[PDB]
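The chain below stands alone, shown as structure tokens; this is the form deposited in one PDB entry.
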């Protein structure tokens, strides 16, 4: 007995490589004054939470704090051009503000398509047919701060980043969809990342990953702020979403 090359309704990505793969985390807390963007207190909690969860799944995690755009591009270009032949998959997380198709680095914005395009096709042959998962916590920075050089609070940011797709075997995960609001607690971190990390810890090692993202959708969409603490946060619901171009089931069973 063997498996003939017949359409399998339950096909899974092969997750038996020597290594799980790299998980990149781009963490942005502060921005060049000329961008007139507010700080993102709580993002370091998000970064740490993610590092622990992804590391327990076998990923090699690399974090970068407050990179300038050129440095960021350089770093991601460097990761895209090495061999991922011995890896199962690739994860890239952006924790920043954003606008439309753009994510903000420290000093400038970068087009998302530019970042994902580095891992397409034969630009990165050794990731072809492997899951390429981008996780994006980025929304509109509230701008009631000046264009001049300069306790757990929940900050509420309007969705601003387009929920773009990205190519075969890409999975694009967004903290929030158009019309909704992203929330970040200044000590505990983002609603989305907290709930993502909690599900990863509890179910990451067995649950099909888009099914886990669906759990995150439910958890986040059911959260309520105070109403005593911020009353105008009243009514600003958060609905995450994910755009999948995956072609197989994705699991993170513990590597043998």
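Rigid core (definition): largest C-alpha set, two forms, superposition within 1.5 Å. Positions refer to the first chain, counted from 1. Residues that one form lacks are left out of the comparison.
Unshown form solved in complex with a partner chain; subsequent notes refer to it.
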4.5 angstroms heavy atom contact with its partner chain in the deposited bound form for residue 110: yes
Residue 62, heavy atom within 4.5 angstroms of its partner chain in the deposited bound form: no
Distance check, residue 152 to its partner chain in the deposited bound form, heavy atom within 4.5 Å: no
Partner contact for residue 70 in the deposited bound form: its partner chain, 4.5 angstroms, heavy atom: yes
54, 93 and 156 all contacting its partner chain in the deposited bound form, non-hydrogen atom within 4.5 Å: no
Moved residue ranges in sequence order between the shown form and the other one, Cα 2 Å or more, at least 3 long, core fit: 225-228
